[PDB]
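Asks: The following block contains the structure, expressed as structure tokens.
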Amino acid sequence: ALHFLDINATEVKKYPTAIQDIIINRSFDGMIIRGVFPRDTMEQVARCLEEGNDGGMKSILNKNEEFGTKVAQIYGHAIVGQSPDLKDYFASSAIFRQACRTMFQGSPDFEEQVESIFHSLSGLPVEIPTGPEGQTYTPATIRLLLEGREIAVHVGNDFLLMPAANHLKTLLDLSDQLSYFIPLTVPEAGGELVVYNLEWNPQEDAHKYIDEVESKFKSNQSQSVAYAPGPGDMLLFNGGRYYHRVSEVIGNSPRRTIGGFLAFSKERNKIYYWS
Ligand SMILES: [C-]#[N+][C@@H]1[C@H](c2c[nH]c3ccccc23)[C@@H](C(=C)C)CC[C@@]1(C)C=C
Ligand SMILES: O=C(O)CCC(=O)C(=O)O
Ligand SMILES: [Cl-]
Ligand SMILES: [Zn+2]
């Protein structure tokens, strides 16, 4: 249904227009990049988190208790479902980048590594958007999926229609919004990204959003594909256009991903990435 590449991170230099090709030319829909981060780094970082020895990352952990099991616990305020003012977002964002830099210990640094991937696939500058008064957006959040939890079906271009995105809209292109994530830890089973042939309908509170995509999606039958990247593999895809979810986690070992999103600037002069 959907066309996904599977390449090694050593090869990224050879796909200088991958991001153009996914968003603009629509010539394929996504991409697994193996070994963007070493497995060592991924274990170190996961152990920093589970031991609570994490640069204080735990203090910006949203347990999302009131959602039950169709959502991740998330470290960092994700831009989604935030008030339009963004005071908490921007505060959380400064903390995240600190704790994250600390956990990666430059071996390699998260932001440096990811930016060089996005650079290699665009030939463009890559930046974390800055806010209207010079605040920083978070480059990423960390998603924790315990046993029996999943991420409910959703589509990413919807996010840029929420009040939270007002400011960011003023920076970005019309065009689609990619999703990216790297697993830190993968579960024994489940926790797969399932992507659907079904596209964001531009004709058309994250509680009522999830109940109203569940009935929208179950109206259509459409074709699916599933991906289960390993620790340190990046999955990068047109999650803006295509409905997708993450399947229930099976077994004790939980699923931890670090990820966000990715889009062209106003004039396609550069890439922005955030969560
Ligand atoms: C899981 N997850 C998030 C989104 C999400 C669901 N409840 C939330 C509460 C606060 C902040 C973000 C969320 C999710 C949905 C909107 C259904 C999409 C994926 C993810 C990881 C996005 C950042
Ligand atoms: O697995 C994750 O970290 C989130 C997957 C997803 O739905 C996304 O990145 O948009
Ligand atoms: Cl998404
Ligand atoms: Zn998504």
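Order determines the names: the first chain of the structure tokens is A, the second B, and so forth; residues in each chain are numbered 1 upward, and ligands are numbered 1 upward as they are shown.
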What's the 10 Å shell around residue A:152, counting only C-alpha atoms, without same-chain residues fewer than 6 positions away, as a list in words?

Replies: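 In the requested form, the answer reads residues 69, 70, 71, 72, 210, 211, 213, 214, 244, 245, 246, 247 and 248 of chain A.
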
Asks: May I have a table of the residues of stretch 190-239 of chain A lying at most 12 Å from stretch 110-124 of chain A, giving each one's closest pair of atoms and their distance in Å to one decimal, counting only C-alpha atoms, ordered by chain and ascending residue number, as a Markdown table?

Replies:
| residue | atom | partner | partner_atom | distance |
| --- | --- | --- | --- | --- |
| A:232 | CA | A:110 | CA | 10.9 |
| A:233 | CA | A:114 | CA | 11.3 |
| A:234 | CA | A:114 | CA | 9.1 |
| A:235 | CA | A:117 | CA | 11.6 |
| A:236 | CA | A:118 | CA | 9.8 |

Asks: Of the candidates A:6, A:51, A:65, A:267, which shows the shortest atom-to-atom distance to residue A:175, using only C-alpha atoms?

Replies: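 Result for the nearest residue to residue A:175: A:267.
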
Asks: Enumerate the residues of stretch 18-262 of chain A with a DSSP assignment of alpha helix (DSSP H), computed from the backbone, and present them as a PyMOL selection string.

Replies: chain A and resi 18-23+39-51+87-104+110-120+166-169+206-217

Asks: Suppose we keep C-alpha atoms; can you now write the selection as an mmCIF file, in the first residue's frame?

Replies:
data_model
loop_
_atom_site.group_PDB
_atom_site.id
_atom_site.type_symbol
_atom_site.label_atom_id
_atom_site.label_comp_id
_atom_site.auth_asym_id
_atom_site.auth_seq_id
_atom_site.Cartn_x
_atom_site.Cartn_y
_atom_site.Cartn_z
ATOM 1 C CA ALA A 18 14.505 11.687 0.802
ATOM 2 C CA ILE A 19 12.514 14.263 2.774
ATOM 3 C CA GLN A 20 11.544 16.286 -0.322
ATOM 4 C CA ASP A 21 10.564 12.990 -1.893
ATOM 5 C CA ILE A 22 8.273 11.923 0.929
ATOM 6 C CA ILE A 23 6.551 15.262 1.560
ATOM 7 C CA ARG A 39 22.766 -0.199 20.986
ATOM 8 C CA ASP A 40 25.109 0.748 23.871
ATOM 9 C CA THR A 41 23.761 4.274 23.918
ATOM 10 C CA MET A 42 20.175 3.053 23.831
ATOM 11 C CA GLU A 43 20.702 0.739 26.844
ATOM 12 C CA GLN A 44 22.624 3.415 28.777
ATOM 13 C CA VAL A 45 19.774 5.884 28.223
ATOM 14 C CA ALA A 46 17.056 3.383 29.080
ATOM 15 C CA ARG A 47 18.944 2.475 32.266
ATOM 16 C CA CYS A 48 19.299 6.163 33.147
ATOM 17 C CA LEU A 49 15.503 6.379 32.899
ATOM 18 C CA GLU A 50 14.542 3.165 34.735
ATOM 19 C CA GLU A 51 17.051 3.846 37.567
ATOM 20 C CA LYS A 87 4.326 28.655 28.836
ATOM 21 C CA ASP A 88 4.405 25.125 30.289
ATOM 22 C CA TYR A 89 5.488 23.684 26.953
ATOM 23 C CA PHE A 90 8.487 26.011 26.653
ATOM 24 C CA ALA A 91 9.539 25.417 30.257
ATOM 25 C CA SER A 92 9.320 21.642 29.887
ATOM 26 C CA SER A 93 11.238 22.014 26.601
ATOM 27 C CA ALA A 94 14.249 23.677 28.205
ATOM 28 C CA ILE A 95 14.324 20.927 30.852
ATOM 29 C CA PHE A 96 14.015 18.142 28.305
ATOM 30 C CA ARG A 97 16.924 19.298 26.176
ATOM 31 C CA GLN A 98 19.086 19.518 29.320
ATOM 32 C CA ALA A 99 18.228 16.063 30.737
ATOM 33 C CA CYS A 100 18.501 14.501 27.278
ATOM 34 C CA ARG A 101 21.900 16.026 26.497
ATOM 35 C CA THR A 102 23.004 14.651 29.880
ATOM 36 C CA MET A 103 21.691 11.130 29.338
ATOM 37 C CA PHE A 104 23.289 10.746 25.901
ATOM 38 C CA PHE A 110 20.841 13.210 20.525
ATOM 39 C CA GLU A 111 20.246 16.559 18.808
ATOM 40 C CA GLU A 112 23.568 16.498 16.903
ATOM 41 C CA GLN A 113 23.015 12.986 15.578
ATOM 42 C CA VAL A 114 19.368 13.483 14.527
ATOM 43 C CA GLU A 115 20.139 16.828 12.900
ATOM 44 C CA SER A 116 22.906 15.236 10.834
ATOM 45 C CA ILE A 117 20.472 12.549 9.659
ATOM 46 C CA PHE A 118 17.881 15.144 8.648
ATOM 47 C CA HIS A 119 20.669 17.142 6.998
ATOM 48 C CA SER A 120 21.883 14.121 5.000
ATOM 49 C CA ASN A 166 -0.708 28.685 16.204
ATOM 50 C CA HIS A 167 2.851 29.968 16.574
ATOM 51 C CA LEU A 168 4.498 27.038 14.815
ATOM 52 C CA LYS A 169 2.110 27.456 11.851
ATOM 53 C CA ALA A 206 -7.310 15.131 22.868
ATOM 54 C CA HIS A 207 -9.980 13.063 24.708
ATOM 55 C CA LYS A 208 -12.755 13.836 22.193
ATOM 56 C CA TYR A 209 -10.122 13.722 19.393
ATOM 57 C CA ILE A 210 -9.301 10.037 20.115
ATOM 58 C CA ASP A 211 -13.007 9.015 20.353
ATOM 59 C CA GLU A 212 -13.746 10.751 17.029
ATOM 60 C CA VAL A 213 -10.814 9.299 15.035
ATOM 61 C CA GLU A 214 -11.789 5.785 16.311
ATOM 62 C CA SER A 215 -15.223 5.993 14.633
ATOM 63 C CA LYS A 216 -13.894 7.883 11.548
ATOM 64 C CA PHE A 217 -11.292 5.161 10.915
#

Asks: Using only C-alpha atoms, can you tell me which of A:260, A:183, A:125, A:239 comes closest to residue A:37?

Replies: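 Result for the nearest residue to residue A:37: A:183.
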
Asks: Excluding residue A:198 and residues on its chain fewer than 2 positions from it, collect all residues at most 6 Å away from it, counting only C-alpha atoms, and give them as number ranges by chain.

Replies: A: 196, 242-243

Asks: Pick out the residues no farther than 10 Å from ligand 4, counting only C-alpha atoms and all ligand atoms, and list them as a PDB file with N, CA, C and O atoms, in the first residue's frame.

Replies:
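What ended up in selection_33.pdb:
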ATOM      1  N   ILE A 151      -0.803   3.063  21.554  1.00  0.00           N
ATOM      2  CA  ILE A 151      -1.128   4.408  21.139  1.00  0.00           C
ATOM      3  C   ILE A 151      -2.247   4.300  20.116  1.00  0.00           C
ATOM      4  O   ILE A 151      -2.085   3.652  19.075  1.00  0.00           O
ATOM      5  N   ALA A 152      -3.367   4.962  20.447  1.00  0.00           N
ATOM      6  CA  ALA A 152      -4.560   4.951  19.626  1.00  0.00           C
ATOM      7  C   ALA A 152      -4.280   5.598  18.267  1.00  0.00           C
ATOM      8  O   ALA A 152      -3.345   6.400  18.075  1.00  0.00           O
ATOM      9  N   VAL A 153      -5.111   5.189  17.315  1.00  0.00           N
ATOM     10  CA  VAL A 153      -5.009   5.663  15.950  1.00  0.00           C
ATOM     11  C   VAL A 153      -5.216   7.184  15.873  1.00  0.00           C
ATOM     12  O   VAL A 153      -6.159   7.747  16.446  1.00  0.00           O
ATOM     13  N   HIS A 154      -4.371   7.795  15.047  1.00  0.00           N
ATOM     14  CA  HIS A 154      -4.346   9.219  14.845  1.00  0.00           C
ATOM     15  C   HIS A 154      -3.581   9.546  13.564  1.00  0.00           C
ATOM     16  O   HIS A 154      -2.938   8.679  12.967  1.00  0.00           O
ATOM     17  N   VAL A 155      -3.639  10.829  13.185  1.00  0.00           N
ATOM     18  CA  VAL A 155      -2.954  11.342  12.012  1.00  0.00           C
ATOM     19  C   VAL A 155      -2.382  12.715  12.371  1.00  0.00           C
ATOM     20  O   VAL A 155      -2.958  13.462  13.138  1.00  0.00           O
ATOM     21  N   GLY A 156      -1.221  13.050  11.819  1.00  0.00           N
ATOM     22  CA  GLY A 156      -0.372  14.093  12.372  1.00  0.00           C
ATOM     23  C   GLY A 156      -0.710  15.495  11.862  1.00  0.00           C
ATOM     24  O   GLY A 156      -0.378  16.490  12.501  1.00  0.00           O
ATOM     25  N   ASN A 157      -1.303  15.602  10.678  1.00  0.00           N
ATOM     26  CA  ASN A 157      -1.602  16.905  10.108  1.00  0.00           C
ATOM     27  C   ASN A 157      -2.719  17.557  10.918  1.00  0.00           C
ATOM     28  O   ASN A 157      -2.834  18.777  10.916  1.00  0.00           O
ATOM     29  N   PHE A 159      -2.658  17.777  14.033  1.00  0.00           N
ATOM     30  CA  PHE A 159      -2.024  18.440  15.164  1.00  0.00           C
ATOM     31  C   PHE A 159      -1.805  19.911  14.841  1.00  0.00           C
ATOM     32  O   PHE A 159      -1.923  20.737  15.734  1.00  0.00           O
ATOM     33  N   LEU A 178       6.018  15.093   8.786  1.00  0.00           N
ATOM     34  CA  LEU A 178       6.532  13.764   9.053  1.00  0.00           C
ATOM     35  C   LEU A 178       6.562  13.499  10.553  1.00  0.00           C
ATOM     36  O   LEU A 178       6.629  14.443  11.351  1.00  0.00           O
ATOM     37  N   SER A 179       6.523  12.200  10.900  1.00  0.00           N
ATOM     38  CA  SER A 179       6.855  11.718  12.230  1.00  0.00           C
ATOM     39  C   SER A 179       8.211  11.005  12.194  1.00  0.00           C
ATOM     40  O   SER A 179       8.582  10.418  11.170  1.00  0.00           O
ATOM     41  N   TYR A 180       8.939  11.061  13.322  1.00  0.00           N
ATOM     42  CA  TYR A 180      10.150  10.276  13.496  1.00  0.00           C
ATOM     43  C   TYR A 180      10.160   9.730  14.920  1.00  0.00           C
ATOM     44  O   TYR A 180       9.566  10.343  15.808  1.00  0.00           O
ATOM     45  N   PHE A 181      10.805   8.562  15.102  1.00  0.00           N
ATOM     46  CA  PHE A 181      11.103   8.037  16.423  1.00  0.00           C
ATOM     47  C   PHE A 181      12.217   6.989  16.339  1.00  0.00           C
ATOM     48  O   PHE A 181      12.447   6.373  15.296  1.00  0.00           O
ATOM     49  N   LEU A 193       4.433  -0.220  15.050  1.00  0.00           N
ATOM     50  CA  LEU A 193       3.801   0.857  14.317  1.00  0.00           C
ATOM     51  C   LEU A 193       3.023   0.273  13.151  1.00  0.00           C
ATOM     52  O   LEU A 193       3.612  -0.316  12.248  1.00  0.00           O
ATOM     53  N   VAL A 194       1.705   0.476  13.188  1.00  0.00           N
ATOM     54  CA  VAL A 194       0.801   0.072  12.129  1.00  0.00           C
ATOM     55  C   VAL A 194       0.341   1.309  11.372  1.00  0.00           C
ATOM     56  O   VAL A 194      -0.215   2.225  11.960  1.00  0.00           O
ATOM     57  N   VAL A 195       0.567   1.305  10.063  1.00  0.00           N
ATOM     58  CA  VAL A 195       0.245   2.437   9.225  1.00  0.00           C
ATOM     59  C   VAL A 195      -0.833   2.013   8.228  1.00  0.00           C
ATOM     60  O   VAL A 195      -0.783   0.904   7.682  1.00  0.00           O
ATOM     61  N   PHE A 237       8.587   8.863   8.692  1.00  0.00           N
ATOM     62  CA  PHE A 237       7.520   8.601   7.750  1.00  0.00           C
ATOM     63  C   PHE A 237       6.443   9.673   7.765  1.00  0.00           C
ATOM     64  O   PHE A 237       6.305  10.412   8.733  1.00  0.00           O
ATOM     65  N   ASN A 238       5.620   9.637   6.714  1.00  0.00           N
ATOM     66  CA  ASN A 238       4.548  10.588   6.506  1.00  0.00           C
ATOM     67  C   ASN A 238       3.367  10.239   7.407  1.00  0.00           C
ATOM     68  O   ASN A 238       2.302   9.848   6.931  1.00  0.00           O
ATOM     69  N   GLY A 239       3.583  10.421   8.714  1.00  0.00           N
ATOM     70  CA  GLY A 239       2.546  10.241   9.719  1.00  0.00           C
ATOM     71  C   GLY A 239       1.555  11.395   9.718  1.00  0.00           C
ATOM     72  O   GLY A 239       0.470  11.275  10.262  1.00  0.00           O
ATOM     73  N   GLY A 240       1.936  12.491   9.060  1.00  0.00           N
ATOM     74  CA  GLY A 240       1.044  13.618   8.852  1.00  0.00           C
ATOM     75  C   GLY A 240      -0.127  13.228   7.979  1.00  0.00           C
ATOM     76  O   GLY A 240      -1.258  13.553   8.310  1.00  0.00           O
ATOM     77  N   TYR A 242      -0.906   9.892   6.819  1.00  0.00           N
ATOM     78  CA  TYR A 242      -1.478   8.557   6.944  1.00  0.00           C
ATOM     79  C   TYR A 242      -1.855   8.264   8.395  1.00  0.00           C
ATOM     80  O   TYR A 242      -1.040   8.434   9.306  1.00  0.00           O
ATOM     81  N   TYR A 243      -3.091   7.787   8.582  1.00  0.00           N
ATOM     82  CA  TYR A 243      -3.529   7.286   9.873  1.00  0.00           C
ATOM     83  C   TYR A 243      -2.607   6.157  10.345  1.00  0.00           C
ATOM     84  O   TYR A 243      -2.195   5.296   9.568  1.00  0.00           O
ATOM     85  N   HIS A 244      -2.261   6.188  11.640  1.00  0.00           N
ATOM     86  CA  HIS A 244      -1.416   5.165  12.225  1.00  0.00           C
ATOM     87  C   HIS A 244      -1.620   5.095  13.739  1.00  0.00           C
ATOM     88  O   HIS A 244      -2.211   5.980  14.363  1.00  0.00           O
ATOM     89  N   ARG A 245      -1.096   4.012  14.318  1.00  0.00           N
ATOM     90  CA  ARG A 245      -1.210   3.719  15.728  1.00  0.00           C
ATOM     91  C   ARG A 245      -0.006   2.853  16.091  1.00  0.00           C
ATOM     92  O   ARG A 245       0.773   2.489  15.217  1.00  0.00           O
ATOM     93  N   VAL A 246       0.155   2.562  17.384  1.00  0.00           N
ATOM     94  CA  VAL A 246       1.125   1.594  17.851  1.00  0.00           C
ATOM     95  C   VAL A 246       0.380   0.508  18.602  1.00  0.00           C
ATOM     96  O   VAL A 246      -0.380   0.809  19.504  1.00  0.00           O
ATOM     97  N   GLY A 259      10.948  10.546  20.185  1.00  0.00           N
ATOM     98  CA  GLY A 259      10.594  11.021  18.870  1.00  0.00           C
ATOM     99  C   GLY A 259       9.804  12.314  18.874  1.00  0.00           C
ATOM    100  O   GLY A 259       9.506  12.913  19.903  1.00  0.00           O
ATOM    101  N   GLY A 260       9.458  12.715  17.658  1.00  0.00           N
ATOM    102  CA  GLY A 260       8.660  13.897  17.424  1.00  0.00           C
ATOM    103  C   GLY A 260       8.224  13.936  15.965  1.00  0.00           C
ATOM    104  O   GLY A 260       7.619  12.976  15.440  1.00  0.00           O
ATOM    105  N   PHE A 261       8.567  15.078  15.356  1.00  0.00           N
ATOM    106  CA  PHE A 261       8.040  15.506  14.081  1.00  0.00           C
ATOM    107  C   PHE A 261       9.045  16.417  13.403  1.00  0.00           C
ATOM    108  O   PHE A 261      10.052  16.792  13.987  1.00  0.00           O
TER     109      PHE A 261
END

Asks: Pick the closest to ligand 1 from A:105, A:83, A:17, A:185: which is it, counting only C-alpha atoms and all ligand atoms?

Replies: A:83

Asks: Quick one: distance from atom 8 (C, counted along the ligand's line) of ligand 2 to atom CA of residue A:14 in Å, one decimal?

Replies: 24.9 Å

Asks: Write out as a PyMOL selection string the set of residues from stretch 36-266 of chain A that DSSP, computed on the backbone, places in strand (DSSP E).

Replies: chain A and resi 61-62+73-75+126-127+141-145+151-154+178-185+189-190+193-199+224-227+234-237+242-246+249-250+255-264

Asks: I'd like to know which of A:137, A:28, A:67, A:274 is closest to ligand 2, using only C-alpha atoms and all ligand atoms.

Replies: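 So, comparing all the options, the nearest one is A:274.
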
Asks: Which residue, A:82, A:265, A:53, A:220, has the smallest gap to residue A:174 when you use only C-alpha atoms?

Replies: A:265

Asks: Using Å and a single decimal, report how far atom CA of residue A:59 sits from atom 9 (O, counted along the ligand's line) of ligand 2.

Replies: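 So the answer is 22.0 Å.
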